[PDB]
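Here is the structure we will look at, set down as structure tokens.
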Amino acid sequence: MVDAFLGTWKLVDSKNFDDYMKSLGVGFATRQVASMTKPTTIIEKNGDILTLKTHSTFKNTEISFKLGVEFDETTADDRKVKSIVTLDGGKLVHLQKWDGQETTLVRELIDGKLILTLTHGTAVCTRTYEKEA
Ligand SMILES: O=C(O)C(F)(F)C(F)(F)C(F)(F)C(F)(F)C(F)(F)C(F)(F)C(F)(F)F
Ligand SMILES: O=C(O)C(F)(F)C(F)(F)C(F)(F)C(F)(F)C(F)(F)C(F)(F)C(F)(F)F
């Protein structure tokens, strides 16, 4: 039931991303660049395999994963994590686990916009994406 997430999305709003990055220990110079970067997220499916690409002028990432099946991931900030993505309440919930820590990356559709909520520790960041043709 992931179909409405699929496509190409552009960042159009960000709240508290610096807080989130700082909670994860990202260095100030990197946070400075990241705060001014507007990534493009591409979400594709091939049967029950999703691929999620994040493209920007700074860093790119790509993950592929089966819904509800754990996968190894190396994050943009070089954390080596155990990840799982599942559909929960109509949201794509990506949970990353490493060193007993956790962070969630939750995507929900609200009025045709894709809202990404990032939570680590007490930091909660909300990033809004709009669909590109
Ligand atoms: O897709 C997005 O909009 C996003 F927020 F930029 C992000 F790519 F998910 C991200 F959170 F920045 C991240 F790259 F995944 C990150 F978590 F790795 C990090 F940069 F925030 C960290 F702080 F962890 F390094
Ligand atoms: O610590 C880092 O070096 C990092 F995680 F790679 C990052 F630079 F923070 C970063 F994630 F690239 C980013 F800058 F935060 C970003 F803004 F590029 C991103 F999050 F947008 C994207 F997802 F593209 F990596």
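A note on labels: chains of the structure tokens are A, B, ... as shown, every chain counts residues from 1, and ligands are counted from 1 in their shown order.
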Shell of 12 Å around residue 30 in chain A, only C-alpha atoms, local chain residues under 5 positions omitted, as an mmCIF file with N, CA and C atoms, in the first residue's frame:
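Listed below is the output, around18.cif:
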data_model
loop_
_atom_site.group_PDB
_atom_site.id
_atom_site.type_symbol
_atom_site.label_atom_id
_atom_site.label_comp_id
_atom_site.auth_asym_id
_atom_site.auth_seq_id
_atom_site.Cartn_x
_atom_site.Cartn_y
_atom_site.Cartn_z
ATOM 1 N N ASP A 18 18.696 21.119 11.854
ATOM 2 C CA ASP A 18 19.954 21.284 12.570
ATOM 3 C C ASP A 18 19.937 20.555 13.899
ATOM 4 N N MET A 21 20.454 16.814 13.167
ATOM 5 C CA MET A 21 21.853 16.531 12.809
ATOM 6 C C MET A 21 22.781 16.632 14.039
ATOM 7 N N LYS A 22 22.556 17.664 14.832
ATOM 8 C CA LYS A 22 23.432 17.873 15.980
ATOM 9 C C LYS A 22 23.252 16.709 16.960
ATOM 10 N N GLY A 25 25.410 13.971 16.103
ATOM 11 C CA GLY A 25 26.837 14.254 16.148
ATOM 12 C C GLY A 25 27.409 14.722 14.832
ATOM 13 N N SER A 35 22.057 22.471 5.786
ATOM 14 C CA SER A 35 20.926 23.385 6.072
ATOM 15 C C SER A 35 20.516 24.131 4.817
ATOM 16 N N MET A 36 21.393 24.221 3.818
ATOM 17 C CA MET A 36 21.145 24.979 2.574
ATOM 18 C C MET A 36 21.008 24.073 1.375
ATOM 19 N N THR A 37 20.935 22.786 1.587
ATOM 20 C CA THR A 37 20.833 21.817 0.496
ATOM 21 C C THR A 37 19.339 21.451 0.335
ATOM 22 N N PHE A 58 25.463 17.927 -2.361
ATOM 23 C CA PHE A 58 26.424 17.628 -1.283
ATOM 24 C C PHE A 58 26.739 16.152 -1.236
ATOM 25 N N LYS A 59 25.726 15.347 -0.979
ATOM 26 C CA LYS A 59 25.857 13.886 -0.827
ATOM 27 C C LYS A 59 24.675 13.226 -1.545
ATOM 28 N N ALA A 76 24.167 8.515 5.373
ATOM 29 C CA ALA A 76 24.943 9.575 4.719
ATOM 30 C C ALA A 76 26.074 10.034 5.643
ATOM 31 N N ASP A 77 25.847 10.048 6.948
ATOM 32 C CA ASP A 77 26.837 10.405 7.991
ATOM 33 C C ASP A 77 27.681 9.214 8.446
#
query: Which residues in range 23-106 of chain A does DSSP call strand (DSSP E)? List them as a ChimeraX atom specification.
result: /A:40-46,49-55,61-66,71-74,80-88,91-98,101-106
Selection above as a file: N, CA and C atoms, as a CSV table (one decimal), in the first residue's frame:
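Output file selection_37.csv follows:
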chain,number,residue,atom,x,y,z
A,40,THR,N,16.5,15.9,-3.6
A,40,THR,CA,15.5,15.3,-4.4
A,40,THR,C,15.4,13.8,-3.9
A,41,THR,N,14.2,13.3,-3.5
A,41,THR,CA,14.0,11.9,-3.1
A,41,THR,C,13.2,11.2,-4.2
A,42,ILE,N,13.7,10.1,-4.6
A,42,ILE,CA,13.1,9.3,-5.6
A,42,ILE,C,12.7,8.0,-5.0
A,43,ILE,N,11.4,7.6,-5.0
A,43,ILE,CA,11.0,6.4,-4.4
A,43,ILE,C,10.4,5.5,-5.5
A,44,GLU,N,10.9,4.3,-5.7
A,44,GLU,CA,10.6,3.4,-6.8
A,44,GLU,C,10.3,2.1,-6.2
A,45,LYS,N,9.4,1.3,-6.9
A,45,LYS,CA,9.2,-0.1,-6.5
A,45,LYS,C,9.3,-1.0,-7.6
A,46,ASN,N,9.7,-2.2,-7.3
A,46,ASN,CA,9.7,-3.4,-8.3
A,46,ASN,C,9.2,-4.5,-7.5
A,49,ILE,N,10.1,-4.9,-3.6
A,49,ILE,CA,11.4,-4.2,-3.4
A,49,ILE,C,11.3,-2.7,-3.6
A,50,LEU,N,11.5,-1.9,-2.6
A,50,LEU,CA,11.5,-0.5,-2.8
A,50,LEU,C,13.0,0.0,-2.9
A,51,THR,N,13.2,1.0,-3.7
A,51,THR,CA,14.5,1.7,-3.8
A,51,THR,C,14.2,3.2,-3.5
A,52,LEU,N,15.0,3.8,-2.6
A,52,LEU,CA,14.8,5.1,-2.2
A,52,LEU,C,16.1,5.8,-2.4
A,53,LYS,N,16.1,6.8,-3.3
A,53,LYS,CA,17.3,7.5,-3.7
A,53,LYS,C,17.2,8.9,-3.1
A,54,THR,N,18.3,9.4,-2.6
A,54,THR,CA,18.3,10.8,-2.1
A,54,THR,C,19.5,11.5,-2.8
A,55,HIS,N,19.2,12.5,-3.6
A,55,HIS,CA,20.2,13.2,-4.4
A,55,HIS,C,20.3,14.6,-4.1
A,61,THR,N,22.6,9.3,-1.6
A,61,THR,CA,22.4,8.0,-1.0
A,61,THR,C,21.4,7.2,-1.8
A,62,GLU,N,21.5,5.9,-1.7
A,62,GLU,CA,20.5,5.0,-2.2
A,62,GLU,C,20.4,3.8,-1.3
A,63,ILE,N,19.1,3.3,-1.0
A,63,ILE,CA,18.9,2.1,-0.3
A,63,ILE,C,17.8,1.3,-1.1
A,64,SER,N,18.0,0.0,-1.1
A,64,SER,CA,16.9,-0.9,-1.5
A,64,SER,C,16.5,-1.9,-0.4
A,65,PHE,N,15.3,-2.2,-0.3
A,65,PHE,CA,14.8,-3.0,0.8
A,65,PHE,C,13.4,-3.6,0.5
A,66,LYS,N,13.2,-4.7,1.1
A,66,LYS,CA,11.9,-5.4,1.1
A,66,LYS,C,11.1,-4.8,2.3
A,71,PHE,N,17.6,-4.8,6.8
A,71,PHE,CA,18.7,-4.7,5.9
A,71,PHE,C,19.8,-3.9,6.6
A,72,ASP,N,21.0,-4.1,6.1
A,72,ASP,CA,22.1,-3.3,6.6
A,72,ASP,C,22.1,-2.0,5.8
A,73,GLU,N,22.5,-0.9,6.4
A,73,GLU,CA,22.5,0.4,5.8
A,73,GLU,C,23.7,1.2,6.3
A,74,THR,N,24.3,1.9,5.4
A,74,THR,CA,25.4,2.9,5.8
A,74,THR,C,24.8,4.3,5.5
A,80,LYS,N,26.8,2.8,10.5
A,80,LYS,CA,26.5,1.4,10.0
A,80,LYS,C,25.4,0.9,10.9
A,81,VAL,N,24.2,0.8,10.4
A,81,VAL,CA,22.9,0.6,11.1
A,81,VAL,C,22.2,-0.6,10.6
A,82,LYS,N,21.4,-1.2,11.4
A,82,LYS,CA,20.4,-2.2,11.1
A,82,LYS,C,19.1,-1.5,10.9
A,83,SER,N,18.5,-1.7,9.7
A,83,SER,CA,17.3,-0.9,9.3
A,83,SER,C,16.1,-1.8,9.0
A,84,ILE,N,14.9,-1.3,9.2
A,84,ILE,CA,13.7,-1.9,8.7
A,84,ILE,C,12.8,-0.8,8.3
A,85,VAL,N,12.0,-1.0,7.2
A,85,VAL,CA,11.0,-0.1,6.7
A,85,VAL,C,9.7,-0.8,6.6
A,86,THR,N,8.7,-0.3,7.2
A,86,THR,CA,7.4,-0.9,7.2
A,86,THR,C,6.3,0.1,7.0
A,87,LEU,N,5.2,-0.4,6.6
A,87,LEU,CA,4.0,0.5,6.4
A,87,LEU,C,3.2,0.4,7.7
A,88,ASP,N,3.0,1.5,8.4
A,88,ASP,CA,2.4,1.5,9.8
A,88,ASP,C,1.4,2.7,9.8
A,91,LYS,N,1.8,5.1,7.0
A,91,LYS,CA,3.1,5.8,7.0
A,91,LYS,C,4.2,4.8,6.6
A,92,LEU,N,5.2,5.3,5.9
A,92,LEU,CA,6.4,4.5,5.7
A,92,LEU,C,7.3,4.8,6.9
A,93,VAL,N,7.5,3.8,7.7
A,93,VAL,CA,8.3,4.0,9.0
A,93,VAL,C,9.6,3.3,8.8
A,94,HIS,N,10.7,4.1,8.8
A,94,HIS,CA,12.1,3.6,8.6
A,94,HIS,C,12.8,3.7,10.0
A,95,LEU,N,13.1,2.5,10.6
A,95,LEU,CA,13.8,2.5,11.9
A,95,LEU,C,15.2,2.1,11.7
A,96,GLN,N,16.1,2.9,12.2
A,96,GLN,CA,17.6,2.5,12.2
A,96,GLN,C,18.1,2.2,13.6
A,97,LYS,N,18.9,1.2,13.8
A,97,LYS,CA,19.4,0.8,15.1
A,97,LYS,C,20.9,0.6,15.0
A,98,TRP,N,21.7,1.2,15.9
A,98,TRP,CA,23.1,1.0,15.9
A,98,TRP,C,23.6,1.4,17.3
A,101,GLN,N,21.4,2.8,20.0
A,101,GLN,CA,20.6,3.9,19.6
A,101,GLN,C,19.5,3.6,18.6
A,102,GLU,N,18.6,4.5,18.5
A,102,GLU,CA,17.6,4.3,17.4
A,102,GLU,C,17.3,5.7,16.8
A,103,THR,N,16.9,5.7,15.6
A,103,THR,CA,16.3,6.9,15.0
A,103,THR,C,15.2,6.5,14.0
A,104,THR,N,14.1,7.2,14.0
A,104,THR,CA,13.1,6.9,13.0
A,104,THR,C,13.0,8.0,12.0
A,105,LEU,N,12.7,7.6,10.8
A,105,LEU,CA,12.5,8.4,9.6
A,105,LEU,C,11.1,8.0,9.1
A,106,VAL,N,10.1,8.9,9.4
A,106,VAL,CA,8.7,8.5,9.1
A,106,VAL,C,8.1,9.4,8.0
Please build the interface table for range 15-69 of chain A against range 120-124 of chain A with a cut-off of 10 Å, listing for each qualifying residue the nearest atom pair and the distance in Å to one decimal; count only C-alpha atoms, order rows by chain and increasing number, and write it as JSON lines.
{"residue": "A:15", "atom": "CA", "partner": "A:124", "partner_atom": "CA", "distance": 8.5}
{"residue": "A:16", "atom": "CA", "partner": "A:124", "partner_atom": "CA", "distance": 6.7}
{"residue": "A:17", "atom": "CA", "partner": "A:124", "partner_atom": "CA", "distance": 8.0}
{"residue": "A:18", "atom": "CA", "partner": "A:123", "partner_atom": "CA", "distance": 9.2}
{"residue": "A:19", "atom": "CA", "partner": "A:123", "partner_atom": "CA", "distance": 5.9}
{"residue": "A:20", "atom": "CA", "partner": "A:123", "partner_atom": "CA", "distance": 5.3}
{"residue": "A:21", "atom": "CA", "partner": "A:123", "partner_atom": "CA", "distance": 8.8}
{"residue": "A:22", "atom": "CA", "partner": "A:123", "partner_atom": "CA", "distance": 8.9}
{"residue": "A:23", "atom": "CA", "partner": "A:120", "partner_atom": "CA", "distance": 6.6}
{"residue": "A:24", "atom": "CA", "partner": "A:120", "partner_atom": "CA", "distance": 7.2}
query: Hey, which of A:12, A:6, A:118, A:133 ends up closest to ligand 1? Count only C-alpha atoms and all ligand atoms.
result: A:118
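Minimum distance to ligand 2 across A:117, A:14, A:56, A:126 (counting only C-alpha atoms and all ligand atoms) occurs at A:56.
Using only C-alpha atoms, the contacts of residue 113 in chain A at a cut-off of 7 Å, with sequence neighbours closer than 5 positions omitted, comprise residues 128, 129, 130 and 131 of chain A.
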Store the residues of this selection in a file with N, CA and C atoms, as a PDB file, in the first residue's frame.
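out-v8.pdb was written with the following content:
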ATOM      1  N   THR A 128       9.252  18.772   4.543  1.00  0.00           N
ATOM      2  CA  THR A 128       8.113  18.632   3.619  1.00  0.00           C
ATOM      3  C   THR A 128       8.628  18.576   2.187  1.00  0.00           C
ATOM      4  N   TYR A 129       8.124  17.586   1.449  1.00  0.00           N
ATOM      5  CA  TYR A 129       8.490  17.352   0.031  1.00  0.00           C
ATOM      6  C   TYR A 129       7.240  17.558  -0.835  1.00  0.00           C
ATOM      7  N   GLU A 130       7.363  18.092  -1.975  1.00  0.00           N
ATOM      8  CA  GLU A 130       6.270  18.108  -2.960  1.00  0.00           C
ATOM      9  C   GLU A 130       6.665  17.340  -4.196  1.00  0.00           C
ATOM     10  N   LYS A 131       5.598  16.821  -4.799  1.00  0.00           N
ATOM     11  CA  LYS A 131       5.763  15.875  -5.874  1.00  0.00           C
ATOM     12  C   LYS A 131       6.238  16.689  -7.069  1.00  0.00           C
TER      13      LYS A 131
END
query: For ligand 1, which of A:70, A:2, A:78, A:29 is the closest residue, counting only C-alpha atoms and all ligand atoms?
result: A:78
message: Counting only C-alpha atoms, which residue out of A:33, A:1, A:60, A:127 sits closest to residue 89 in chain A?
response: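 Distance minimum relative to residue 89 in chain A lands on A:1.
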field: Distance criterion (only C-alpha atoms and all ligand atoms): nearest to ligand 2 out of A:26, A:125, A:4, A:114
entry: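 Among the listed residues, the smallest separation from ligand 2 belongs to A:26.
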